[PDB]
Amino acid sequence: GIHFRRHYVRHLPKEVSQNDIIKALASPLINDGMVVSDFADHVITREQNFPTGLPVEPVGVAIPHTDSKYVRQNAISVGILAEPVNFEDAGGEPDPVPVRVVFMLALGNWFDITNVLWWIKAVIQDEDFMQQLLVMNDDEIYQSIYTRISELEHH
């Protein structure tokens, strides 16, 4: 299963850097023991070589993550940005992606990694849900993601 708790959702202020975002989303994961203590460092380094910006049409989405060996227990951490922050394109495109929704993925094995990536690719095709993420409070974001994750787990 995937651990997803109320404190795995947060809104982030202006003037946050890409690294700050990674560190902020990794923080509750580290504090619950979901990831190794230097998890943020590993996500930063992997982002430098395998960028996670997704140019979907409401606003940009990023899916920062690192190797499964740095994850202790499956988890996801979500961040909503007050203003767009650039991530390099996850497909080798020249144009950077202005991102406002960040799904930090902490999956501890390959079969769960690929299954969640498939699921994410489906979720971001819902332009209206993505738009809802930009206005809902942390509670409503948590409930909506929790329900979708539980539906993923059923099957």
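When you see a residue number, it is the position in the sequence shown, counting from 1.
| If you average the CA temperature factors over each stretch, which comes out higher, 23-31 or 91-99? | The stretch with the larger average C-alpha B-factor is 91-99.
| If you average the CA temperature factors over each stretch, which comes out higher, 11-19 or 132-140? | Mean CA B-factor is higher for 11-19.
| query | Compared with the other modelled residues in the chain, in which third is the CA B-factor of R46? | reply | Answer is highest: the recorded C-alpha B-factor places it there.
| field | Modelled-residue ranking by C-alpha temperature factor, third containing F39 | value | For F39, whose C-alpha B-factor we compare with every modelled residue in the chain, the answer is the middle third.
| said: Sorting by Cα B-factor within the chain, modelled residues only, which third would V85 end up in: lowest, middle or highest? | reply: Its C-alpha B-factor, which the entry lists for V85, ranks in the highest third among residues of this chain.
| field | Where the record places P58 (Cα B-factor, split into thirds across the chain) | value | It belongs to the highest third of the chain when residues are ordered by C-alpha B-factor.
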